[PDB]
């Protein structure tokens, strides 16, 4: 397995966020590497290639792209997969909910990846326990929780709620490698999720989003 136990840093500034920049994301990933991260989440082929220039950490690649008439935006179709194959990231991740996709179904997209990029591992971005089970059924190499609370049917939910109850349920329903992702904001939460038995945790905003860290300081004053 490409991803060792440990901390993954997500370096995925989108257009219109302050640090949107292949170049800046390559230096964020260099910082995460120097601080002891064991991998990187990255978005778009161009950011993946920039990152692969500054670090040798295995990278988890997505392409975030909206399609009309679909709620699936994380590596929705084989178009995004083909970009990621050219990028040579070690792990291709994709929304592995069962919401309607623009083109291939999720089943078909998994088969597509195994067919055309047999050397790459796959990772399932999921929002629910049933989705996690289905991803295990599809043979995903890793199962992440980034979509928990970020779908229309999980509004309100936060990974940490009720002492990480959702994560507990996920770990008990599958035997696949489970990745805690989404609002892991303190070293203490990170410790907690590793204690609960996840393989890795992914941290984004608490490391690579100074706007969001800034807002957390400023709001104690409200």
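Positions refer to the first chain, counted from 1.
Asker: With reference to the PDB entry, specify whether the mean Cα temperature factor is higher for 164-172 or for 41-49.
Answerer: The entry gives the higher C-alpha B-factor average to 164-172.
Asker: Taking the mean of the C-alpha B-factors per stretch from the entry, tell me the winner out of 155-163 and 51-59.
Answerer: It is 155-163.
Asker: Sort the modelled residues of this chain by their C-alpha B factor and say whether residue 27 lands in the lowest, middle or highest third.
Answerer: Lowest third of the chain for residue 27's C-alpha B-factor.
Asker: Based on the entry's values, in what third of the chain does the Cα temperature factor of residue 114 lie: lowest, middle or highest?
Answerer: CA B-factor rank for residue 114: lowest third.
Asker: Which third, lowest, middle or highest, does the C-alpha temperature factor of residue 95 belong to within its own chain?
Answerer: Its C-alpha B-factor belongs to the lowest third of this chain's values.
Asker: Compare the C-alpha B factor of residue 35 with those of the other modelled residues in its chain, then answer lowest, middle or highest third.
Answerer: For residue 35, whose C-alpha B-factor we compare with every modelled residue in the chain, the answer is the middle third.
Asker: Within this chain's modelled residues, let me know which third the CA B factor of residue 80 belongs to: lowest, middle or highest.
Answerer: CA B-factor rank for residue 80: lowest third.
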